[PDB]
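Read through the structure below, which is laid out as structure tokens, and then see the notes.
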Amino acid sequence: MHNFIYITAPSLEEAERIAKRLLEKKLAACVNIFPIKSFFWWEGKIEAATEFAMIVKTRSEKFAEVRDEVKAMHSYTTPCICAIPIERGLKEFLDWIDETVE
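Numbering (the numbering used here), first residue to last: 197 to 298.
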């Protein structure tokens, strides 16, 4: 019913832009952002880049909208957008998420 949507962005500016858009459209309730260094295989070689990770807290049924909304404004042709399941959580906190996205 609840999940953490993990996404990476090229800069703090784009990360915050994506976060504010999801919140304004009520597709998520909270977003945590932090800098990371990435290494990935692309076109026959390992590439490294500084990026920003995002942890999007929302309802699982909102995954499709968050996914498509992010993809539409993201700099990457194929951005990382993965949903991680929440097994349990403080009721008060989870209820806040629901009232926010609903």
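Even for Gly, the Cβ is constructed at its ideal location relative to N, Cα and C.
Under 7 Å between C-beta atoms of residue i and residue j
{"i": "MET250", "j": "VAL227", "result": "yes"}
{"i": "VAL262", "j": "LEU223", "result": "yes"}
{"i": "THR246", "j": "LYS233", "result": "yes"}
Exposure of residue i, with buried meaning 16 or more beta-carbon neighbours within 10 Å
{"i": "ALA260", "result": "exposed"}
{"i": "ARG284", "result": "exposed"}
{"i": "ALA215", "result": "buried"}
{"i": "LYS253", "result": "buried"}
Other residues of its chain near residue i: CB distance less than 7 Å, five sequence neighbours each side excluded
{"i": "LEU290", "result": "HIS198"}
{"i": "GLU210", "result": "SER271"}
{"i": "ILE282", "result": "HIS198, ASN199, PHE200"}
Cα-Cα separation, residue i to residue j
{"i": "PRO231", "j": "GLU212", "result": "12 Å"}
{"i": "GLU265", "j": "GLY240", "result": "30 Å"}
{"i": "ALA205", "j": "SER271", "result": "8 Å"}
{"i": "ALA244", "j": "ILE280", "result": "24 Å"}
{"i": "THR274", "j": "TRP238", "result": "12 Å"}
{"i": "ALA268", "j": "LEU219", "result": "16 Å"}
Any chain D beta carbon closer than 7 Å to residue i
{"i": "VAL252", "result": "Among the protein chains of the structure shown there is no chain D, as only one such chain exists."}
Residues of its chain near residue i, where Cβ-Cβ distance is below 8 Å and the 5 sequence neighbours each way are ignored
{"i": "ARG255", "result": "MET197, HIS198, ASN199, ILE293, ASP294, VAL297, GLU298"}
{"i": "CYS276", "result": "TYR202, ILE203, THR204"}
Same chain, Cβ closer than 6 Å to residue i, five either side skipped, listed in chain order
{"i": "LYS221", "result": "none"}
{"i": "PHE248", "result": "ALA205, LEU208, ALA211, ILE229, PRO231"}
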